[PDB]
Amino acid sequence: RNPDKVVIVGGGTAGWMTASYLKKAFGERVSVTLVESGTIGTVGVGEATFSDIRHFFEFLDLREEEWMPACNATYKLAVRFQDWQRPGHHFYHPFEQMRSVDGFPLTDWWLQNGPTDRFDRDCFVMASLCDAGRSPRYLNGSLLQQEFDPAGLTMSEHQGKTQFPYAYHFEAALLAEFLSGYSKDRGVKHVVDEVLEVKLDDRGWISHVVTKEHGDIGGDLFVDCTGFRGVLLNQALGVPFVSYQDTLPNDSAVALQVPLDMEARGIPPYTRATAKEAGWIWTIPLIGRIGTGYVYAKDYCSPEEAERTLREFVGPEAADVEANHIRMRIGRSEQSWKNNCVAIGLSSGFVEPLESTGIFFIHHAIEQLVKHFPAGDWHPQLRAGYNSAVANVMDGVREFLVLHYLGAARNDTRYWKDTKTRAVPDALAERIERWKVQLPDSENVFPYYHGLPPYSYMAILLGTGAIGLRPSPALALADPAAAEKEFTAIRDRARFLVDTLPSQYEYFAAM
């Protein structure tokens, strides 16, 4: 009858997303205490989200009016992949549902007889808005419809049935500060101190966390949000961490924060991923500045050269700003939940920000935490269900990311030559063989949930260009009519939206 006590260790994005979500879900029925270090800094990045993100704010009962201005937040409709196939060309991976004609996806029709040479513009409306720098909403908060006009879906069904599950760019520090206010206004205890030790009982479970100036803080469930450190799960409980470095070599990153005149430049409604000599560079647009970073493998490029490459790429306005060098831990823990300790965030695992899935992992974890929340005698099946769910999301996204590099047609430097000599898991090698003949569907991809629908695999395959696809033979005998009218309908609405929608700065100037 006494409220279960949850102790959260870490004041990063993971920690406050957990505290606010847990407190919103259970209210005063659950006591939440968040302990964070005052000397240890947060990772400083993580500023683009995934198609899942809208569900998180809806669960928190937060409208865009309340949180977006305080975080310098902007809209994200897609990820623009630049120069991944050949110099000077780009394609979008949009957060938009794939339309089908007579049981066949529009991309399959596009392979038979597509209008233009860009699959993304023909099959996705969002690709036209991105190329025009358009805001998804008119000057009155009206989404893609001039006149005005919610939904109770879970996270998975949101990104599965919502036609336009767009995302956001935002400052990772401002969001954490906002969620700290959201949490503390709902009864979340805040303790700023260092956790010196994790005291375990006789049976190996966490008894309490030993702080320096606040004594022993105990509880029933301990949540590790200490980042790459893994203070509780990896260090204290000794849960082994498995690396993904063998399939995804990128281990390093260097990032800047560049204040720019977001007016002459404009605010592009997407994250850009420009392919480079030893990796790729991200461009995350915000209100007032852009967040840019070079994700690379240091075996192909020195940290010194990587920073200079990044500064040249942005230009003179980034010549003197501080550069943040990060050594990434790529992979995941063998299990994210052992005994009474569950890791959420960088402590659980991480893959390179190629598709901005970092915050997605956190969002998925806390949702699965509520779903598999213990209150009785802790049934092993509950913990097993959580660990398999979290691992499948990680393992699935990892396949999707390797596919980016196996599909890349770029082949100039040693880094991009080695991307095809590197050994892949046998599972993905077989699906690629299936995908060459049978364009990816719900039955030839990774079987368990991992946030990626078939049209995502379609977009990366069609856009990166090295893996040749074919249109299914049935479309050579089908009446192309209906498909050509669907192609026309997409082109028509796109032309209407581009000519009627405002830029983002215009939208954000109108409060």
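In this text, residue numbers run from 1 along the sequence as written.
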Deposited residues missing from the model between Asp149 and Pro150 number 4 to 9
Entry B factor averaged over C-alpha atoms, 207-215 against 110-118: higher for 207-215
Averaging the C-alpha temperature factors as deposited, the higher value of 343-351 versus 157-165 falls on 157-165
Reading the B-factor column for Cα atoms of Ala275, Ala78, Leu406, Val195, the highest value belongs to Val195
Looking only at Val370, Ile330, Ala264, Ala255, the Cα with the top B-factor belongs to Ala264
Entry-reported C-alpha B-factor of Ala466 relative to its chain, by third, is lowest
So, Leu439's CA B-factor, relative to its chain, sits in which third? The highest
Entry-reported C-alpha B-factor of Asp83 relative to its chain, by third, is lowest
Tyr386: CA temperature factor from the record, placed by chain third, in the lowest
Assert third(CA B-factor, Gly451) within chain per record equals lowest
